Amino acid sequence: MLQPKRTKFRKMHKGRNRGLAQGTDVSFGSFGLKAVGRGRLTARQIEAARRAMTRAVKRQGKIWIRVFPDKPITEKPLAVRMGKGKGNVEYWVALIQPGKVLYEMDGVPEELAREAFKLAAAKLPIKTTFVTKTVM
Amino acid sequence: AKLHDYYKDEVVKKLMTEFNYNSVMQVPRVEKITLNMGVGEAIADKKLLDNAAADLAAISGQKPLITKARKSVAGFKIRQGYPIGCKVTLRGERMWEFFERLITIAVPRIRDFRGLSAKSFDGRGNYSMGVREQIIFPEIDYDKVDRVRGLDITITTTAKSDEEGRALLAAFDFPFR
Amino acid sequence: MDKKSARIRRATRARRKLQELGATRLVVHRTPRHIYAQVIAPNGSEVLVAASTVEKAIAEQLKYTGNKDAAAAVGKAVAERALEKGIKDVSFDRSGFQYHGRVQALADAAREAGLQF
Amino acid sequence: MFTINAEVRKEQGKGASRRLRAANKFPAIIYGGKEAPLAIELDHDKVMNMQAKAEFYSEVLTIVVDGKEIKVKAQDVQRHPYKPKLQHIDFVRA
Amino acid sequence: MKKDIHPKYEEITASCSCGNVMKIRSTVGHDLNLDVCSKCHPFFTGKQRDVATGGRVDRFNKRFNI
RNA sequence: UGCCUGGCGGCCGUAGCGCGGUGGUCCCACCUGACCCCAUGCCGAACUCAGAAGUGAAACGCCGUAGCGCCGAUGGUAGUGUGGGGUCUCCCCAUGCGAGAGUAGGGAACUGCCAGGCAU
RNA sequence: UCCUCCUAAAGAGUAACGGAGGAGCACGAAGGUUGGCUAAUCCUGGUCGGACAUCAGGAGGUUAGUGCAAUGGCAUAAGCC
RNA sequence: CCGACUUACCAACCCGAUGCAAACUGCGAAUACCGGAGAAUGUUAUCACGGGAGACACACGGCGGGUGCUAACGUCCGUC
Ligand SMILES: [K+]
Ligand SMILES: [K+]
Ligand SMILES: [K+]
Ligand SMILES: [Mg+2]
Ligand SMILES: [Mg+2]
Ligand SMILES: [Mg+2]
Ligand SMILES: [Mg+2]
Ligand SMILES: [Mg+2]
Ligand SMILES: [Mg+2]
Ligand SMILES: [Mg+2]
Ligand SMILES: [Mg+2]
Ligand SMILES: [Mg+2]
Ligand SMILES: [Mg+2]
Ligand SMILES: [Mg+2]
Ligand SMILES: [Zn+2]
C-alpha cells in the first residue's frame with residue numbers, strides 16, 4: 001500500500017483543496033480515467049480500484065497510477081477530549097482536483113478499457129470520466 | 001644538470017621530428033618530481049615518522065614536508081591534523097640530478113628487475129611508480145636501517161597524453177619493461 | 001587560477017575601500033618589461049595623470065625598463081606631473097602586488113618628489 | 001481541406017473571454033510571420049468537430065477573417081480541464 | 001634553498017666494476033663503488049632465462065632417442 | 001581620423017559556456033638566470049630580483065559558429081481588491097489589477113577616459 | 001526563563017495542553033591587524049594501503065566550512081594559514 | 001586465485017517524460033504598509049500636557065487559518 005518510504009516531517013496541516021489539477025492529459029497510455037469531482041483519495045481506495053481493473057484485463061497490458069498518497073491524516077482515539085496535542089497519524093491521502101488523470105492504460109482494446117475503468121470507478125469516492133490520448 | 005643538456009640537445013629535437021610539433025614550446029617538459037612516504041604508523045610512534053623523514057632527506061637531499069591528515073577517518077583511527085606521511089618535491093637542477101641517479105644507479109638495484117610497467121600513466125602524461133624497499137638508494141646505509149620502508153615516485157610532465165609522455169621518458173632510456 | 005585573476009582577487013579589497021573613502025588613488029601596474037602609473041579621479045573613471053616606461057621620453061633615459069631604476073624614474077616623473085596639476089595628496093593602490101622592490105622604489109620615489117601618501 | 005471562418009475580437013481580457021465561451025464562441029490568436037498578432041474569435045462547435053480529425057494538426061488550415069483569408073497551422077490548444085471543450089487556440093502563419 | 005635546514009649535498013665520483021665511471025651529487029662523502037649500473041645490468045639480454053621454460057618435446061625426445 | 005594592444009571604469013548572462021580559425025614590429029604571456037633584494041611549514045611552483053635567445057605551444061585578445069545557458073512578446077489561463085449571487089468543503093456575475101510556465105522570436109554584448117604601436 | 005523555524009494572511013506584531021529543535025557556554029586565542037590562500041565529492045596512476053590515510057593529475061564549482069540548534073548571511077570572504 | 005553464464009528479483013548516479021510540499025524557491029501578483037506632491041471636502045476630524053474615569057468574562061456573521069471528523073450554536077488567532 002502506497003506510502004512515502006520516509007518523510008521529512010510526520011504531521012501536516014489540513015490545508016485547503018482549491019484549484020484545478022495539473023496533469024490533465026494522458027501521457028503514457030492510450031486511455032485513462034479522469035477525475036471530475038474534488039476530494040481525497042486514500043491509499044486503500046487507490047489500491048482497491050487498482051485491483052479491480054487488473055482483474056478485468058486479466059493482467060494484460062500495462063497500468064500507470066498517476067496519483068500518489070503523500071499527505072498524512074491524523075485522528076484521535078475514541079473517548080478523548082480536545083487538546084493535549086495533535087492526534088496520531090492514521091492513513092495517507094492524495095488531494096484530487098477536477099481534471100487530474102488518475103490512471104492510464106494501454107495494450108488492450110478500448111471496449112475492454114472502458115469496462116475495466118468502469119469497475120475501478122465504482123471504488124472511488126469522486127466522480128470520474130473516461131478519456132483518450134489526443135494528438136497534440 | 002647533465003641530463004638537462006641531453007634534453008636540450010637530443011630529446012627535444014628527436015621528439016620534434018617524431019610528432020612533428022610546430023613549436024619547440026610544444027615539446028613536453030618535466031615540471032617536477034615528487035617523493036611520498038605514506039608512513040601511516042606515525043599514529044603509533046612519532047620516532048617512526050622522524051626516521052622516515054630522515055630517509056627521504058638522505059635520498060632527496062632536502063628536508064621533507066610532513067603531511068597532515070586532510071580529514072578524520074575512523075577506519076584508520078586518524079584524527080584531522082595527525083601526521084600521516086611526508087613528501088618532497090624536486091624542481092630544477094636537483095630534480096635532474098635525482099632523475100639521473102634514479103635511472104643510472106637506483107633502479108638497477110631493484111630485485112628481479114625486468115623493467116618498469118609502460119602502462120603506469122594517469123592518462124595525462126604523468127608517470128608514477130612505487131619502490132618496495134629503501135635499499136635501492138646507496139645513500140641509505142644498509143648497516144643502520146631500522147625498518148623496511150618504500151616510497152612513491154611521481155613524475156609530472158607537460159605532456160598532453162600518455163603516448164607523448166611515454167615517448168618523452170623512453171627518450172631517456174627510462175627502463176620500461 | 002591564472003596569475004592575472006589571482007592578482008585581481010588580491011587587489012579587490014583595497015580598491016573597494018578606497019572607493020568608499022572617495023580618495024584619489026595612484027594605481028601602479030607592473031610587468032616584466034615595463035611599469036606603469038596612473039592617477040585616477042575619485043569617480044575611478046577618468047585619468048588625471050599617467051606615466052609609463054613605454055613613453056619614449058622616459059625610456060630614452062634608461063639602461064633597461066624592467067628594473068628598479070626605471071621604476072624610480074616613473075615615480076619621480078608621475079609625481080612632478082601630478083603636482084603640476086595640484087594633485088598633491090593621493091592614496092597608493094598597490095593593485096595586488098607586494099609593496100616590494102620595483103613597486104616600493106616607485107612609491108618612495110614619488111614621496112621624495114613631494115606627493116603626500 | 002479545412003476552412004474556418006473567424007471574426008476579429010473587439011474586446012479582450014478575462015471578462016470578455018468568458019462571455020464569448022458562454023455564447024458558444026471561443027477566442028484564438030494568429031501570430032508569427034512579420035505582421036503583428038491578429039486576435040480572432042471562432043465558432044466552437046464547428047472547430048471542435050474539425051479538430052477531432054488528426055489531419056487538423058498536421059495539415060495547413062486556412063482561416064477566412066472578415067474578407068481576408070490566411071493560411072496557418074495549429075500551434076497550440078488549451079482544452080477545458082475536464083469537459084470536451086476548447087479554451088483557446090494558437091495559430092502560426094504559414 | 002633555506003640555508004640552514006638541508007643536509008650536506010656534495011659531488012661524488014662513482015665507479016662500477018663494469019668499468020663505467022661517473023660523477024653524481026649525493027648526501028654522502030664516500031666514492032660510490034657499484035656492482036651494477038644501467039649500462040651493464042643484464043635486463044636487455046637476460047629475459048631468455050624464462051623462454052627456456054616453454055619447451056617440452058625437445059626434452060622428451062632425449063629420452064625417446066635414448 | 002581609422003586599426004590593434006594595455007590599464008582604470010560604466011554594466012552585470014542578448015554580456016556566460018562549448019566548437020572551429022587566428023596574432024608576436026610594438027604590447028602581453030610563456031620564457032633565461034638567481035650568488036644578490038626577497039621567498040618556500042620542503043622546492044625560485046608561488047612571491048621577488050637581474051634580463052631578452054626562443055615561442056605564440058599554453059594562456060589571453062580577435063573572428064566565425066545557435067549544441068547549451070540567457071532574453072522574450074501577443075493572446076489565453078491562474079490568482080485577486082470592491083459590490084452582488086449560488087447548488088456555499090467550493091464557485092459564479094459587474095468592474096479594476098493580472099501572473100508563472102510555455103509559444104513566435106531575439107541572441108556569439110555595448111560603451112567612457114588615459115597611454116602606446118601601425119596607417120593617415 | 002531565554003534562542004531559531006513554521007502557524008503568521010509578501011511592513012511590524014499576532015493565540016492554542018499547535019508542529020519541530022536548542023541554551024543555562026567556550027576562547028589571551030577561537031580577539032586586533034598585515035600578508036597569503038580557496039571547498040565537498042568522484043574518476044584515473046602509484047610501496048605496505050584495504051570501500052576509506054599520504055602523493056600526482058583531472059572533473060566539479062561551494063553541493064564544503066562557520067567552537068555548539070535553526071534561520072539569514074559569507075569569495076572583497078565572515079572559511080583556511 | 002583471478003572469474004564465466006543466468007535471473008523466479010532489487011537496482012544508486014546520469015538522461016527523457018509526470019506529479020506533490022506549513023517548516024522547498026533559479027519565479028511571483030492583487031491588496032496592505034512607509035514616504036512625497038496636488039485639488040476638493042471634513043464643526044481640528046491630528047498631536048502634547050493636565051483633571052475624572054470605566055473596562056481587562058465578550059457573542060455571532062463574512063473572509064484568511066491552526067485544532068477537531070474542512071463535526072459542533074466547539075475551540076484558538078488575524079481583519080471587517
Ligand atoms: K553567447
Ligand atoms: K511570520
Ligand atoms: K485624559
Ligand atoms: Mg471578475
Ligand atoms: Mg510579517
Ligand atoms: Mg500582512
Ligand atoms: Mg586578509
Ligand atoms: Mg548556511
Ligand atoms: Mg483578567
Ligand atoms: Mg468565562
Ligand atoms: Mg480575557
Ligand atoms: Mg476573541
Ligand atoms: Mg463559539
Ligand atoms: Mg475553525
Ligand atoms: Zn656497470
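All values below were derived from every heavy atom in this structure, side-chain atoms included, with hydrogens, water molecules and symmetry-related copies excluded. Note on naming: letters A, B, ... go to the chains in the order of the sequence lines (proteins, then strands), and numbering restarts at 1 for each one.
Atom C1' of nucleotide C55(G) and atom CG of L35(B) are separated by 10 Å, given to the nearest angstrom. A straight line from CG of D76(D) to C1' of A101(F) spans 12 Å, rounded to a whole angstrom.
Sugar conformation, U14(F): south. The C1'-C2'-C3'-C4' torsion carries a negative sign. Nucleotide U25(H) carries a south sugar; the sign of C1'-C2'-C3'-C4' is negative. Judged by the sign of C1'-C2'-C3'-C4', the furanose ring of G79(F) adopts a north, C3'-endo-like conformation.
Against the 90° criterion about 0, the sugar-base torsion of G46(G) places it in the anti range. Glycosidic conformation, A10(G): anti, with the torsion outside 90° of 0.
The base of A50(F) is not paired with the side chain of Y64(C) by any donor and acceptor separated by under 3.5 Å. For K119(B) against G45(G), a side-chain-to-base donor-acceptor contact under 3.5 Å is absent. Looking at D122(B), its side chain has no donor and acceptor atom pair within 3.5 Å of the base of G57(G). No donor-acceptor contact under 3.5 Å links the side chain of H100(C) to the base of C49(F). For a distance-only test at 3.5 Å, the side chain of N36(B) qualifies as a donor-acceptor partner of the base of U54(G). Between the base of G19(H) and the side chain of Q22(A) there is no donor-acceptor pair shorter than 3.5 Å.
Between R18(A) and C91(F), a side-chain N or O to OP1/OP2 separation shorter than 4.0 Å is present. In this structure, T34(B) does not reach the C55(G) phosphate: none of its side-chain N or O atoms is under 4.0 Å from OP1 or OP2.
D93(C) pairs with exactly one of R15(C), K17(C), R13(C), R10(C) by the salt bridge (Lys or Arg N to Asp or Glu O under 4.0 Å) rule, that one being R15(C).
Residue whose closest nucleotide on RNA chain G sits further toward the 5' end, between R132(B) and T12(C): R132(B).
With a 3.5 Å ceiling on both atom-pair distances, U34(G) lacks any Watson-Crick or G-U wobble partner. Base pairing analysis places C10(H) opposite nothing; no Watson-Crick or G-U wobble pair with both distances below 3.5 Å involves it. Under the Watson-Crick or G-U wobble criterion, with both distances below 3.5 Å, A59(G) is paired with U41(G). Nucleotide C5(H): unpaired (no Watson-Crick or G-U wobble partner with both distances less than 3.5 Å). Searching all strands for a Watson-Crick or G-U wobble partner of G69(F) with both distances below 3.5 Å returns nothing. Pairing partner, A59(H): none, since no Watson-Crick or wobble contact has both distances short of 3.5 Å. Look at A108(F): it lacks any Watson-Crick or wobble partner with both distances under 3.5 angstrom. Checking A119(F) for Watson-Crick or G-U wobble geometry (two distances, each under 3.5 Å) identifies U1(F) as its partner.
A51(G) sits 14 Å from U41(G) when the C1' atoms are compared, rounded to a whole Å. One P atom belongs to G78(H), the other to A45(H), and the distance between them is 30 Å to the nearest Å.
The side chain of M25(B) has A57(F) as its nearest neighbour among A57(F), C8(F), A29(F). Of the candidate nucleotides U38(G), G41(F), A115(F), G41(F) has the atom lying nearest to any side-chain atom of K68(B). Side-chain proximity of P32(C) to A29(F), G36(G), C8(F): nearest is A29(F). Considering only side-chain atoms of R16(A), the nucleotide from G6(F), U70(H), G75(F) that sits closest is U70(H). When distances run from any side-chain atom of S23(B) to the nucleotides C114(F), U55(F), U38(G), the shortest one goes to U55(F). The side chain of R30(C) lies closest to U48(F), out of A46(F), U48(F), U95(F). Comparing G45(G), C90(F), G19(H) against the side chain of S120(B) picks out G45(G) as the nearest. Closest contact between the side chain of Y36(C) and the listed nucleotides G68(H), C27(F), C42(F) involves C27(F). For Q62(B), the listed nucleotide lying nearest its side chain is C43(F); candidates were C43(F), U74(F), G57(G). Residue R33(C) places its side chain closer to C28(F) than to any other of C90(F), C28(F), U54(G).
Salt-bridge formation is detected for the pair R91(B)/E31(B): a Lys NZ or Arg NE/NH1/NH2 atom is positioned less than 4.0 Å from an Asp or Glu carboxylate oxygen. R149(B) and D55(B) are joined by a salt bridge, as a carboxylate oxygen and a charged side-chain nitrogen come within less than 4.0 angstrom of each other.
In this structure, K77(B) reaches neither bases nor backbone, as no heavy-atom distance under 4.0 Å exists between it and the strands shown. Among the heavy atoms of the strands lying under 4.0 Å from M1(E) is at least one base atom, whether or not backbone atoms are also near. Counting non-hydrogen atoms under 4.0 angstrom, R16(C) reaches a base of the nucleic acid. Looking at heavy-atom distances under 4.0 Å, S60(B) makes no contact with the nucleic acid at all. Among the heavy atoms of the strands, none lies under 4.0 Å from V27(B).
The side-chain heavy atoms of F26(D) and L20(D), taken from C-beta on, include no pair separated by under 4.5 Å.
With centres under 5.5 Å and a plane angle under 30°, the ring of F76(B) is stacked against the base of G50(G). In this pair, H29(C) does not lay its aromatic ring on the base of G7(F); centres under 5.5 Å and planes under 30 degrees do not both hold.
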